[PDB]
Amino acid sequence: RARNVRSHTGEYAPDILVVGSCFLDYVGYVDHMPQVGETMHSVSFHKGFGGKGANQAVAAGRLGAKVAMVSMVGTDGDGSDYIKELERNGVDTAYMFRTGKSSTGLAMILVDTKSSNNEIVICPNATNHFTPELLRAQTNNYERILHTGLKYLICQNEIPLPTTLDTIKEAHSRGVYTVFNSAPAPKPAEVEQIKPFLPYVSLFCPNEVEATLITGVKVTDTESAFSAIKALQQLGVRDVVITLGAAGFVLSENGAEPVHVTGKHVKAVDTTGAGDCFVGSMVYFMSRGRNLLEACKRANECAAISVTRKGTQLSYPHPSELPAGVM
């Protein structure tokens, strides 16, 4: 067994539960994108650990979070690699489920660095079977994963939507603070299903596109983003944060006058996984007892640092690396 084992007394029960995706990233660097019918060699290849779920768990785990990942992977080597990698990044793997009927989820990513273009084919694989009925059957109807001690849940939109929504609703009903980062952007049928569940979301933390999709409010800038916040409160969300890339974020705590904190000015080299860094860092800081604004200010700093180098998860900071005054 690679996975962690729980105690019978819950001595290692997490502060933060992440219920979401784990994908291996198969990154092939190419001189040109393949034409239809073309066979080519890569110039090089990089194996990386992705999935927004894992990314967010790892962001928090790297900062020292008491975080556990709930997901589905294969019984294959990729699954075993991911389970070990999560542990090496401070993420508990006791509720990583494995199926022998599917490969671990992955992305096949082609990168032309010359052109700075990508082509990406997502293969959710095992992830497709990460259903509410399975989750229930494996967790005694969420009992095993939603202990009284649990403070935060993080979900994204990269597993079957009913798993995300049902989990959020259950967690909320037990007084867990629920965090929903609706990424990747919900499709129209997804928006419809999400909206009735927004009263069970403590913190909705979208980007500009996703805020637009949910609210109808076209978000391009601060003023419009504030408008989207109001719309999201009206849909029943308690706390709202909208990330704005290089423009930082806006937020409102429990309906207070919103605030804008602009981005840290840095040299962006690779912004892949920056949002996931922000979300995971944000929840870590809240678990350490900071309020929403204090958390988001520090999350904003961690994500800025992440965009200054390549590597996705590898670009996420550890505490010793951070400039004084972040932790």
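Numbers follow the displayed sequence, beginning with 1.
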TODO: Establish whether the other compared PDB entries of this protein leave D270 unmodelled at least a third of the time.
DONE: yes
Open item on the list: Tell me which stretch has the larger mean Cα B-factor in this entry, 54-62 or 31-39.
Closed with: 31-39
Task: Mean Cα B-factor comparison, 97-105 or 148-156, giving the higher one as deposited - done: 148-156
Task: Options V179, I229, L244, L110 - largest CA temperature factor per the record - done: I229
TODO: Please pick out which of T312, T9, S21, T308 has the largest Cα B-factor as recorded in the entry.
DONE: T9
Task: CA B-factor placement of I214, once the chain's modelled residues are sorted into thirds - done: highest
Task: Third of the chain's Cα B-factor distribution that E253 belongs to, per the entry - done: highest
Task: Where the record places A303 (Cα B-factor, split into thirds across the chain) - done: lowest
Open item on the list: Per the entry's values, where does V67 land by CA temperature factor relative to the rest of its chain, in the lowest, middle or highest third?
Closed with: lowest
TODO: Looking at the entry's B-factor column for C-alpha atoms only, identify whether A126 ranks in the lowest, middle or highest third of its chain.
DONE: lowest
